[PDB]
Amino acid sequence: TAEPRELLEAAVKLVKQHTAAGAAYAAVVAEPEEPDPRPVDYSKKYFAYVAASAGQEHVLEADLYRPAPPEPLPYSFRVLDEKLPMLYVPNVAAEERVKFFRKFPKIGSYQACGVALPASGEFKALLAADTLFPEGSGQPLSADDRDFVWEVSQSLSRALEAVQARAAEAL
Amino acid sequence: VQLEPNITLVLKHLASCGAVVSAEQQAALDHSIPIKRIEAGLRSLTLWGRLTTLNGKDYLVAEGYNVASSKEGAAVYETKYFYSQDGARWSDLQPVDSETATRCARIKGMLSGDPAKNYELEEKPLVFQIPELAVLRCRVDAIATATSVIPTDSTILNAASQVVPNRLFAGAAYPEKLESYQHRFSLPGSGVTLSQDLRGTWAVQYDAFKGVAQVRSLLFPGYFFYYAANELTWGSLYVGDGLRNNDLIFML
Amino acid sequence: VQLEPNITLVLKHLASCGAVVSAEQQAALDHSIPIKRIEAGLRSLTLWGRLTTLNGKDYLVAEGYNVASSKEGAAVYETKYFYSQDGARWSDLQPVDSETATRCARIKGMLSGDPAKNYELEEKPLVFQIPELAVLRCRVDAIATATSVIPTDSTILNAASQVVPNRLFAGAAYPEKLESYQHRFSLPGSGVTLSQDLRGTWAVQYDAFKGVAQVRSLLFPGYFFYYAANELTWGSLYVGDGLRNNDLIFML
Amino acid sequence: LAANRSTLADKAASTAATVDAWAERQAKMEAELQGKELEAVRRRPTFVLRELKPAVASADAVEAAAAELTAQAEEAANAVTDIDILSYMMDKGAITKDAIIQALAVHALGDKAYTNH
Amino acid sequence: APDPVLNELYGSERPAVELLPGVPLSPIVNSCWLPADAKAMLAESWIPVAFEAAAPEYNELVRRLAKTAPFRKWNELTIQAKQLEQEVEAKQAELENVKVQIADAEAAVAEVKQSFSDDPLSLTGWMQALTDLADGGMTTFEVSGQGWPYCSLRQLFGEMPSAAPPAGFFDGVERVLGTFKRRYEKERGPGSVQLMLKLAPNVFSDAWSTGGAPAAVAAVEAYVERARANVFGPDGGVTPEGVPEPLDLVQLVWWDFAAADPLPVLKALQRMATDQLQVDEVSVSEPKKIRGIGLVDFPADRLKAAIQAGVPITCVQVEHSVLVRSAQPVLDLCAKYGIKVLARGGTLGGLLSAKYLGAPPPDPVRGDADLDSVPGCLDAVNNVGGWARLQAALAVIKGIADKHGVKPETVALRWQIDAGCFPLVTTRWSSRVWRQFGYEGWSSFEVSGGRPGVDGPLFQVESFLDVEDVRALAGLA
Amino acid sequence: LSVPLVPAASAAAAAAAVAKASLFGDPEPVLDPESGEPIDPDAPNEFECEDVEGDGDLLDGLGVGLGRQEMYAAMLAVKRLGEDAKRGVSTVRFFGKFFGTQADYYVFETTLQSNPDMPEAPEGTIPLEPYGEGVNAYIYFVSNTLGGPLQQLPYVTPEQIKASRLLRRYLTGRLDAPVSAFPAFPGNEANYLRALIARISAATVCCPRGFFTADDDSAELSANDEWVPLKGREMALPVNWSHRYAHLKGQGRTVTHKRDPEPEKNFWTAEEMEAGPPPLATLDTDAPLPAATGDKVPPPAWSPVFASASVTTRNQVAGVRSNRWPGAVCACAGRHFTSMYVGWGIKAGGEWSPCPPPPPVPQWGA
């Protein structure tokens with residue numbers, strides 16, 4: 001039990017330490033700030049990256065918006081547009097929609113796990129790891145490490161649900 | 001020591017005896033035998049023979065079984081027979097009653113080749129109609145109880161009193177003598193061989209250089225058995241219309 | 001459990017892999033192998049393979065031996081090789097020195113098909129003339145020391161410390177895995193199988209319904225091995241020019 | 001060696017004996033089942049006439065028809081089972097098949113029919 | 001609160017459990033293997049062509065009519081009219097109202113009785129066997145039959161002509177169970193029996209491999225339309241409103257996972273198992289056709305992969321028994337994710353009985369009517385470790401069944417239930433009824449008396465097994 | 001050892017066996033379960049084929065190919081493909097068989113009653129030969145087992161051929177595996193197989209010399225009604241075999257494409273102005289393989305294959321086998337000839353080496 005950002009940071013540190021992935025990071029499914037039984041409508045949300053592995057701090061200052069009409073809608077939005085709790089691109093070169101944060105194409109595999117609240121079935125975070133070459137070996141991710149990332153995503157979903165319950169109680 | 005006769009070796013060794021199958025039927029068998037063997041739950045299934053018909057659609061007959069057991073001094077194989085007319089689709093060849101067995105035994109001539117045909121017999125005038133598949137099953141039963149040849153001491157009895165392959169079988173000492181072979185339904189160690197059969201109903205040709213013996217039935221001309229002694233394989237096949245040779249005393 | 005590979009079953013199972021022989025050569029082998037096996041005093045003699053030549057007279061190669069013994073942790077087979085260009089008359093394929101082995105290893109290309117030809121090599125300018133049969137024998141030696149595949153635990157050691165067939169062999173538990181097969185020269189019970197070979201130099205295709213596994217060498221493309229598990233037979237054959245595939249890392 | 005082969009034959013005989021024993025048991029149980037069913041199918045008229053809980057005949061017209069039936073026996077002999085009684089009852093129309101069916105149905109309820117208090 | 005039927009029959013404290021919201025799940029599930037072909041079974045009849053005392057009208061017709069809903073309602077209306085009349089101004093009006101109600105119930109009973117004579121299938125032997133199984137408190141029927149590997153493979157993996165209408169392998173079983181469900185719900189009101197269908201597409205066919213995903217979706221849709229036509233009959237399946245009634249559950253059988261990929265089929269099913277909404281008000285655009293999805297024999301990784309793709313997995317069928325414990329990781333996973341497990345091993349097709357004590361192994365040529373499949377049973381024997389091991393274990397199962405005075409075929413089912421599984425047991429038919437549990441001669445009303453032919457200690461909230469019982473059963477495999 | 005009768009991981013092999021066995025004989029009439037009436041059988045497709053069984057006889061005589069039983073199943077597979085009313089084939093020829101690390105391919109070369117649509121070549125690239133012309137004159141179907149489901153391969157493009165000329169790959173048997181990342185091949189394994197097909201079909205499919213007459217107004221090969229069949233071992237000579245299909249230029253086409261240029265000795269590049277051999281060039285003229293260590297003479301492009309060990313034997317059959325593409329053969333007995341490929345799809349010659357990186361672009365001011 002801790003602040004949600006502490007939870008995300010701990011998850012990222014775990015994914016980096018135990019998995020042979022090159023980098024791990026985490027974002028929050030944010031809503032656009034204001035200017036100056038219905039289903040969830042994710043059609044107006046974005047990813048705000050708030051935690052990242054050791055040696056990867058440029059990620060903290062990165063967002064991911066949907067374009068407004070042609071640019072490729074980034075790949076990770078499949079987590080939200082069709083509610084896929086897990087995406088795996090074993091070779092980023094084969095996907096157009098994947099987008100790099102340093103604007104320089106790289107080589108490796110990518111994995112995303114949409115963190116969802118079990119009681120409600122809504123996505124709140126996104127834990128990701130990859131092996132883009134210069135940082136970590138450009139090889140794909142074994143099934144063991146993919147499964148470990150999945151497990152960490154689920155444990156984080158649990159802890160996040162609990163912390164949200166406590167915080168909503170404290171009101 | 002083989003575990004089951006191989007149709008390729010059988011067709012290779014018994015081709016000199018005129019026991020051959022069509023090329024299309026050979027390929028079709030190579031595919032169809034495993035399918036039927038699996039979907040019937042059988043441990044063994046082989047090509048038993050081929051009976052010629054008047055319309056050119058010869059009956060291929062296959063025989064399978066699961067386990068053989070010793071009952072009442074006989075090695076009983078719970079066999080099941082299938083027939084086919086193209087080599088691709090096997091149908092059942094159902095057993096026949098004892099009363100009908102006599103009637104179909106009275107029917108002679110080459111089979112028609114139409115599984116829906118039925119012959120007629122007359123008795124005291126009560127007429128019976130016997131289906132052709134009944135005649136086929138009866139002829140197969142007669143030929144089977146007459147020959148069913150295996151080498152001597154190639155089988156053995158196990159703890160559960162079942163007849164299993166003798167995997168330490170060394171081979172027939174004298175392959176050119178009828179003592180080296182026996183009927184399948186004779187218990188291991190019973191000392192009953194083909195030499196106890198009616199003298200003159202079997203012929204044996206042994207090529208002592210290559211080591212291949214051929215045992216031909218003279219009572220049922222068309223039943224051939226082969227035994228290769230350098231590779232320790234053997235196997236038999238029937239090819240013909242299925243009628244017994246009753247004039248044997250005049251032909252020897 | 002077989003006692004020796006059967007050329008008929010080998011040619012039947014490995015025909016899909018393109019490992020075939022001419023019809024005349026097939027008949028000629030059926031006659032010639034026993035003659036040579038007897039007049040050489042050998043217990044085993046089989047068709048090892050067939051090397052293609054530039055003039056159309058491919059070399060058939062046969063390999064025989066008498067007994068295999070365990071020496072220095074290896075199951076050594078005192079093998080003897082014969083060659084032929086028609087399948088009827090077998091000549092000796094004499095061993096080659098170690099010094100000449102390197103030179104013939106340097107000679108590449110498809111063989112000429114003329115046993116009297118000799119190639120030339122140049123060194124520091126000393127020229128050597130290497131007979132074609134020397135090149136043939138060394139290619140055969142290389143392919144043999146590379147593959148020589150048998151099933152695992154199909155052999156066994158006897159009291160005289162000789163490698164003999166394991167007549168109680170029950171079969172490979174998992175026929176689609178490389179652990180089920182081994183090199184011939186690996187001692188029984190040594191735990192060395194084909195999985196200890198360089199990963200990626202073997203391919204295995206297993207038809208789980210009929211029970212026939214095919215093991216292909218990728219390092220020496222042209223070496224095929226088959227294992228039939230319902231009848232417990234197996235056997236291998238080489239067909240091709242005899243050159244090793246050195247580009248394997250780029251082709252996988 | 002001789003002892004071992006004797007023992008093997010003995011054990012096979014034992015197995016055959018167990019198969020025969022189970023076959024005997026099944027035959028005997030089926031025999032008893034058929035006997036029970038025949039006994040039950042015989043006593044049906046005596047049940048629907050005498051002991052049927054919802055009375056279809058109240059046992060009085062029963063005896064009236066029994067007397068009128070035994071009456072004809074004298075003209076038959078000079079010139080009786082419950083099933084015959086029921087035949088006469090149904091033929092005259094004293095009992096209809098649907099009444100028998102509904103009464104048997106009410107009876108079929110186990111301790112939960114309206115035969116309470 | 002215990003179930004109002006199990007508690008009555010076996011004195012069970014067990015509460016009613018649900019597979020999905022709105023669908024109950026009995027503790028044992030009847031895997032329905034047919035005794036003949038559906039075309040034959042659907043053509044049987046009971047109406048034969050001064051007091052017979054042996055007709056079906058006096059023996060089976062009455063034992064059916066007594067168990068109906070309108071007849072029991074009529075009986076309770078009379079039992080209440082008695083008390084209302086023995087209590088008595090306004091109560092006279094109440095009595096007249098009850099009299100009207102009784103007249104209506106009587107007319108309804110007359111009609112439901114005439115229905116038996118109108119439908120020539122209502123009184124057959126297989127309808128009786130299924131109904132008797134239902135009244136025993138097992139109202140969940142799973143479509144099954146003889147299948148891979150011991151069936152007509154040319155019918156399983158064959159290629160059908162173009163004019164052939166789409167029909168799965170288990171189409172006849174679905175037609176038969178649908179006729180039975182319709183009749184049973186006609187007699188005893190809706191929601192009484194729960195059918196679990198089984199979809200097994202020909203992954204290796206020509207159209208499949210040539211069509212891609214837009215064919216793997218049309219196949220699923222056509223199968224669902226066919227299944228609705230089979231279960232709900234021609235006209236049924238649609239509520240008074242335009243909203244159709246959904247099928248209970250669809251199980252997916254996948255032949256090879258490296259050949260083809262399940263995910264298109266699973267996503268199509270999932271789309272059919274959710275209500276597709278739309279907003280201007282949030283209203284339904286597409287009603288659901290399915291309530292849930294099950295997976296038959298997924299190897300603990302394709303199950304986790306289907307989870308990670310976010311499909312709602314309701315139940316997982318598995319083969320788990322006292323001797324066959326291969327599907328253990330699937331159990332450890334379905335526990336962690338809260339997914340019901342239907343085990344189908346149980347008694348090894350019939351080999352866990354007293355008939356096979358000291359017996360010889362069956363033989364597929366001779367035949368054996370006391371097994372589901374002789375080849376399948378011998379396959380199970382090989383997977384156990386032989387027939388000697390099967391004998392050595394059946395001895396222990398018999399000892400345990402004796403120590404507690406119960407059938408040997410209930411020790412195994414209880415060992416299954418103790419592992420969180422819902423046992424799946426094969427239906428027996430036509431004078432072999434209830435032998436699936438070990439009850440002999442139960443085909444006659446005289447030996448049974450109308451009782452269910454299954455031991456009660458199975459349905460208790462606590463297991464009748466001693467500690468040493470568990471210690472011995474945990475040493476078999 | 002104690003195993004089941006057949007493992008549970010065998011439904012794929014069982015489906016393959018059922019498909020293969022369904023080739024023989026007539027199909028059984030199936031009925032409608034709900035109705036009880038027999039289902040109407042499909043009307044058969046009208047097509048023309050060769051005699052695949054006789055070709056099997058020839059190749060078995062020579063001692064090359066698949067075997068006499070595989071060729072019968074292949075004949076029946078050709079019969080099945082030619083009879084599918086859906087695919088609408090009008091002519092079939094069994095091409096051959098490619099090995100693979102995990103499965104194998106059986107190939108069928110056909111023409112259709114109505115070709116599909118070919119997307120226009122994106123500009124900046126060599127144009128495409130339409131259906132029925134040059135390389136894309138035959139539509140190819142492929143399967144992993146005889147009688148199994150047939151997947152139509154896509155048309156081939158010059159870029160695919162030119163790119164495949166740089167690869168040395170073992171096939172895998174899966175029509176959608178990745179071929180290679182560098183050199184960048186543009187497609188999956190299906191396109192690489194189509195490329196190998198297009199190269200081999202032009203380098204190795206032959207007919208006996210003088211069997212056809214080449215027209216100079218077109219490329220249509222009509223057969224002279226006066227051609228005396230050569231007899232005996234003389235068909236074991238490459239000088240009597242003519243290339244049946246057009247040569248394949250280094251540009252990736254059978255007819256090289258020249259763009260709009262006035263002295264075209266320096267504008268048109270070499271590969272753009274390449275002219276190959278004339279129609280029906282004999283196998284005597286094909287370029288030999290490079291010399292190998294141990295001999296100075298370049299090995300020939302083709303070799304003879306004989307059906308007997310004595311020249312005196314009557315009714316011999318003979319043919320030639322390729323040395324560039326080990327596995328392809330042509331044979332002829334009388335007026336009956338055939339050509340067939342069985343192999344890995346690996347060109348031999350020792351003229352392959354790893355591709356180096358593309359040259360890094362230089363700066364603007366050079």
# chains A, B, ... in the order shown; residues from 1 in each chain; ligands from 1

call {"tool": "residues_around", "arguments": {"residues": "residue E:321", "least_positions_apart": "6", "cutoff": "12 Å", "atoms": "only C-alpha atoms", "output": "mmCIF file with N, CA, C and O atoms, in the first residue's frame"}}
result
data_model
loop_
_atom_site.group_PDB
_atom_site.id
_atom_site.type_symbol
_atom_site.label_atom_id
_atom_site.label_comp_id
_atom_site.auth_asym_id
_atom_site.auth_seq_id
_atom_site.Cartn_x
_atom_site.Cartn_y
_atom_site.Cartn_z
ATOM 1 N N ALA E 327 -3.887 -32.954 -16.042
ATOM 2 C CA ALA E 327 -4.354 -31.575 -16.157
ATOM 3 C C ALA E 327 -4.388 -30.870 -14.807
ATOM 4 O O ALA E 327 -5.394 -30.288 -14.420
ATOM 5 N N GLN E 328 -3.280 -30.907 -14.083
ATOM 6 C CA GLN E 328 -3.179 -30.239 -12.792
ATOM 7 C C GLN E 328 -2.909 -28.739 -12.931
ATOM 8 O O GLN E 328 -3.541 -27.941 -12.225
ATOM 9 N N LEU E 342 -15.012 -28.591 -15.220
ATOM 10 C CA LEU E 342 -15.763 -29.829 -15.391
ATOM 11 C C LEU E 342 -14.772 -30.946 -15.695
ATOM 12 O O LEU E 342 -14.118 -30.932 -16.738
ATOM 13 N N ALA E 343 -14.655 -31.905 -14.786
ATOM 14 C CA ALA E 343 -13.812 -33.067 -15.014
ATOM 15 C C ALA E 343 -14.636 -34.173 -15.652
ATOM 16 O O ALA E 343 -15.801 -34.370 -15.305
ATOM 17 N N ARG E 344 -14.025 -34.897 -16.589
ATOM 18 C CA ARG E 344 -14.733 -35.921 -17.335
ATOM 19 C C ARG E 344 -14.174 -37.321 -17.160
ATOM 20 O O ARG E 344 -14.806 -38.275 -17.621
ATOM 21 N N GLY E 345 -13.024 -37.482 -16.521
ATOM 22 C CA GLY E 345 -12.513 -38.815 -16.287
ATOM 23 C C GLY E 345 -13.396 -39.616 -15.357
ATOM 24 O O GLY E 345 -14.064 -40.554 -15.792
ATOM 25 N N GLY E 346 -13.424 -39.238 -14.086
ATOM 26 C CA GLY E 346 -14.309 -39.872 -13.121
ATOM 27 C C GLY E 346 -14.047 -41.359 -13.022
ATOM 28 O O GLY E 346 -12.955 -41.800 -12.649
ATOM 29 N N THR E 347 -15.072 -42.144 -13.335
ATOM 30 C CA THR E 347 -14.897 -43.566 -13.580
ATOM 31 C C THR E 347 -14.393 -43.744 -15.001
ATOM 32 O O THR E 347 -14.933 -43.144 -15.934
ATOM 33 N N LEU E 348 -13.383 -44.591 -15.182
ATOM 34 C CA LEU E 348 -12.693 -44.617 -16.463
ATOM 35 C C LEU E 348 -13.595 -45.209 -17.532
ATOM 36 O O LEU E 348 -13.328 -46.294 -18.051
ATOM 37 N N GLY E 349 -14.667 -44.497 -17.866
ATOM 38 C CA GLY E 349 -15.648 -44.987 -18.805
ATOM 39 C C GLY E 349 -16.473 -46.150 -18.319
ATOM 40 O O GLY E 349 -17.340 -46.621 -19.060
ATOM 41 N N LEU E 352 -14.190 -48.466 -13.400
ATOM 42 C CA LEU E 352 -14.201 -48.414 -11.943
ATOM 43 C C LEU E 352 -15.559 -48.920 -11.475
ATOM 44 O O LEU E 352 -16.479 -48.162 -11.170
ATOM 45 N N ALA E 380 -7.231 -45.513 -21.845
ATOM 46 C CA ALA E 380 -7.100 -45.074 -20.462
ATOM 47 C C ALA E 380 -6.274 -46.058 -19.647
ATOM 48 O O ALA E 380 -5.455 -45.652 -18.818
ATOM 49 N N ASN E 383 -2.747 -45.384 -20.344
ATOM 50 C CA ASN E 383 -2.324 -44.154 -19.688
ATOM 51 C C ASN E 383 -2.191 -44.313 -18.182
ATOM 52 O O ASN E 383 -1.489 -43.523 -17.549
ATOM 53 N N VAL E 384 -2.850 -45.310 -17.597
ATOM 54 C CA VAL E 384 -2.753 -45.522 -16.158
ATOM 55 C C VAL E 384 -1.481 -46.276 -15.807
ATOM 56 O O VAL E 384 -0.853 -46.008 -14.779
ATOM 57 N N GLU E 409 -18.116 -46.657 -7.672
ATOM 58 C CA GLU E 409 -18.230 -45.577 -8.635
ATOM 59 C C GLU E 409 -18.590 -44.250 -7.992
ATOM 60 O O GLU E 409 -18.689 -43.247 -8.701
ATOM 61 N N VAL E 411 -16.859 -43.408 -4.877
ATOM 62 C CA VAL E 411 -15.577 -42.997 -4.316
ATOM 63 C C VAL E 411 -14.827 -42.115 -5.302
ATOM 64 O O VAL E 411 -14.255 -41.084 -4.928
ATOM 65 N N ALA E 412 -14.840 -42.488 -6.582
ATOM 66 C CA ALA E 412 -14.132 -41.711 -7.593
ATOM 67 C C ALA E 412 -14.791 -40.355 -7.815
ATOM 68 O O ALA E 412 -14.108 -39.325 -7.890
ATOM 69 N N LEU E 413 -16.119 -40.332 -7.934
ATOM 70 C CA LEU E 413 -16.810 -39.063 -8.121
ATOM 71 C C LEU E 413 -16.600 -38.143 -6.927
ATOM 72 O O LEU E 413 -16.453 -36.927 -7.088
ATOM 73 N N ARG E 414 -16.562 -38.700 -5.718
ATOM 74 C CA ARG E 414 -16.314 -37.867 -4.553
ATOM 75 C C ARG E 414 -14.885 -37.354 -4.543
ATOM 76 O O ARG E 414 -14.643 -36.204 -4.170
ATOM 77 N N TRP E 415 -13.920 -38.190 -4.930
ATOM 78 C CA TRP E 415 -12.550 -37.702 -5.034
ATOM 79 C C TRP E 415 -12.456 -36.565 -6.032
ATOM 80 O O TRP E 415 -11.659 -35.640 -5.848
ATOM 81 N N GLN E 416 -13.256 -36.615 -7.093
ATOM 82 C CA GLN E 416 -13.283 -35.503 -8.037
ATOM 83 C C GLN E 416 -13.872 -34.255 -7.397
ATOM 84 O O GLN E 416 -13.281 -33.173 -7.468
ATOM 85 N N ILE E 417 -15.043 -34.383 -6.769
ATOM 86 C CA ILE E 417 -15.698 -33.220 -6.175
ATOM 87 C C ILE E 417 -14.811 -32.585 -5.113
ATOM 88 O O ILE E 417 -14.793 -31.360 -4.949
ATOM 89 N N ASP E 418 -14.048 -33.400 -4.387
ATOM 90 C CA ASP E 418 -13.139 -32.872 -3.378
ATOM 91 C C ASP E 418 -12.026 -32.030 -3.982
ATOM 92 O O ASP E 418 -11.315 -31.343 -3.243
ATOM 93 N N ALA E 419 -11.850 -32.079 -5.301
ATOM 94 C CA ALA E 419 -10.859 -31.270 -5.992
ATOM 95 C C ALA E 419 -11.482 -30.083 -6.715
ATOM 96 O O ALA E 419 -10.878 -29.539 -7.642
ATOM 97 N N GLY E 420 -12.677 -29.670 -6.311
ATOM 98 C CA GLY E 420 -13.311 -28.519 -6.905
ATOM 99 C C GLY E 420 -13.881 -28.736 -8.285
ATOM 100 O O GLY E 420 -14.357 -27.774 -8.896
ATOM 101 N N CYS E 421 -13.852 -29.956 -8.799
ATOM 102 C CA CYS E 421 -14.383 -30.220 -10.124
ATOM 103 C C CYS E 421 -15.860 -30.574 -10.047
ATOM 104 O O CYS E 421 -16.359 -31.059 -9.032
ATOM 105 N N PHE E 422 -16.561 -30.316 -11.142
ATOM 106 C CA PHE E 422 -17.943 -30.734 -11.297
ATOM 107 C C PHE E 422 -17.947 -31.964 -12.181
ATOM 108 O O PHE E 422 -17.821 -31.835 -13.405
ATOM 109 N N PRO E 423 -18.069 -33.168 -11.629
ATOM 110 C CA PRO E 423 -17.912 -34.370 -12.448
ATOM 111 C C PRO E 423 -18.866 -34.399 -13.630
ATOM 112 O O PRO E 423 -19.994 -33.905 -13.570
ATOM 113 N N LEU E 424 -18.374 -34.977 -14.717
ATOM 114 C CA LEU E 424 -19.102 -35.144 -15.966
ATOM 115 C C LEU E 424 -19.195 -36.644 -16.194
ATOM 116 O O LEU E 424 -18.165 -37.316 -16.308
ATOM 117 N N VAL E 425 -20.411 -37.183 -16.221
ATOM 118 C CA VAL E 425 -20.588 -38.629 -16.285
ATOM 119 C C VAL E 425 -21.487 -38.984 -17.456
ATOM 120 O O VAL E 425 -22.409 -38.245 -17.806
ATOM 121 N N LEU E 473 -5.938 -42.746 -1.525
ATOM 122 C CA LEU E 473 -6.238 -42.253 -2.862
ATOM 123 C C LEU E 473 -5.148 -41.342 -3.402
ATOM 124 O O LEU E 473 -5.040 -41.183 -4.621
ATOM 125 N N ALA E 474 -4.342 -40.741 -2.534
ATOM 126 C CA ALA E 474 -3.228 -39.913 -2.959
ATOM 127 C C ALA E 474 -1.962 -40.715 -3.210
ATOM 128 O O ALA E 474 -0.883 -40.130 -3.333
ATOM 129 N N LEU E 476 -2.288 -43.509 -5.467
ATOM 130 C CA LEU E 476 -2.614 -44.309 -6.641
ATOM 131 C C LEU E 476 -1.780 -43.892 -7.845
ATOM 132 O O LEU E 476 -1.138 -44.731 -8.486
ATOM 133 N N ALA E 477 -1.783 -42.607 -8.171
ATOM 134 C CA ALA E 477 -1.012 -42.115 -9.306
ATOM 135 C C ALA E 477 0.123 -41.215 -8.837
ATOM 136 O O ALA E 477 0.296 -40.994 -7.642
#

call {"tool": "closest_atom_pairs", "arguments": {"of": "chain F", "to": "chain B", "cutoff": "8 Å", "atoms": "only C-alpha atoms", "output": "CSV"}}
result
residue,atom,partner,partner_atom,distance
F:5,CA,B:38,CA,7.3
F:6,CA,B:38,CA,7.3
F:14,CA,B:35,CA,7.8
F:17,CA,B:31,CA,6.7
F:18,CA,B:35,CA,7.4
F:20,CA,B:31,CA,7.1
F:21,CA,B:31,CA,5.5
F:22,CA,B:88,CA,7.3
F:24,CA,B:88,CA,6.0
F:25,CA,B:86,CA,6.1
F:69,CA,B:27,CA,5.5
F:70,CA,B:27,CA,7.8
F:72,CA,B:24,CA,6.8
F:73,CA,B:27,CA,7.3

call {"tool": "write_last_selection", "arguments": {"atoms": "C-alpha atoms", "output": "short mmCIF file (atom, residue, chain, number, x, y, z; two decimals), in the first residue's frame"}}
result
data_model
loop_
_atom_site.label_atom_id
_atom_site.label_comp_id
_atom_site.auth_asym_id
_atom_site.auth_seq_id
_atom_site.Cartn_x
_atom_site.Cartn_y
_atom_site.Cartn_z
CA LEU F 5 -3.07 -46.67 -29.69
CA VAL F 6 -2.56 -43.19 -31.18
CA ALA F 14 -5.16 -37.92 -39.16
CA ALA F 17 -4.38 -39.14 -43.98
CA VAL F 18 -8.14 -38.82 -44.44
CA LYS F 20 -5.11 -38.37 -48.96
CA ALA F 21 -7.26 -41.50 -48.74
CA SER F 22 -10.29 -39.60 -50.04
CA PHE F 24 -9.08 -42.91 -54.40
CA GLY F 25 -12.30 -44.26 -55.84
CA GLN F 69 2.93 -44.80 -55.44
CA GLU F 70 3.45 -41.11 -54.70
CA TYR F 72 -0.38 -42.23 -58.39
CA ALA F 73 -1.59 -40.09 -55.50
#

call {"tool": "closest_atom_pairs", "arguments": {"of": "chain B", "to": "chain D", "cutoff": "8 Å", "atoms": "only C-alpha atoms", "output": "CSV"}}
result
residue,atom,partner,partner_atom,distance
B:159,CA,D:8,CA,6.4
B:160,CA,D:12,CA,6.7
B:161,CA,D:12,CA,6.4

call {"tool": "residues_around", "arguments": {"residues": "residue A:147", "least_positions_apart": "5", "cutoff": "12 Å", "atoms": "only C-alpha atoms", "output": "PyMOL selection string"}}
result
(chain A and resi 15+18-19+86+88+111-113+141-142+152-154) or (chain E and resi 301+304-305+307-308)

call {"tool": "closest_residue", "arguments": {"among": "F:223, F:181, F:202, F:196", "to": "chain A", "atoms": "only C-alpha atoms"}}
result
F:181

call {"tool": "interface_residues", "arguments": {"of": "chain F", "to": "chain A", "cutoff": "12 Å", "atoms": "only C-alpha atoms", "output": "ChimeraX atom specification"}}
result
/F:178,181,184,186-187

call {"tool": "write_last_selection", "arguments": {"atoms": "N, CA and C atoms", "output": "PDB file, in the first residue's frame"}}
result
ATOM      1  N   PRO F 178       8.854 -15.808 -41.937  1.00  0.00           N
ATOM      2  CA  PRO F 178       9.720 -14.738 -42.434  1.00  0.00           C
ATOM      3  C   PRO F 178      10.872 -15.310 -43.238  1.00  0.00           C
ATOM      4  N   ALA F 181      15.596 -10.826 -43.001  1.00  0.00           N
ATOM      5  CA  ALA F 181      15.579  -9.396 -42.734  1.00  0.00           C
ATOM      6  C   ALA F 181      16.583  -8.646 -43.592  1.00  0.00           C
ATOM      7  N   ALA F 184      16.779  -7.490 -47.599  1.00  0.00           N
ATOM      8  CA  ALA F 184      15.353  -7.337 -47.355  1.00  0.00           C
ATOM      9  C   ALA F 184      14.563  -8.006 -48.468  1.00  0.00           C
ATOM     10  N   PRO F 186      11.031  -8.776 -50.086  1.00  0.00           N
ATOM     11  CA  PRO F 186       9.688  -8.171 -49.984  1.00  0.00           C
ATOM     12  C   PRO F 186       8.555  -9.193 -50.010  1.00  0.00           C
ATOM     13  N   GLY F 187       8.376  -9.902 -48.908  1.00  0.00           N
ATOM     14  CA  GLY F 187       7.270 -10.829 -48.800  1.00  0.00           C
ATOM     15  C   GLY F 187       7.550 -11.909 -47.781  1.00  0.00           C
TER      16      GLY F 187
END
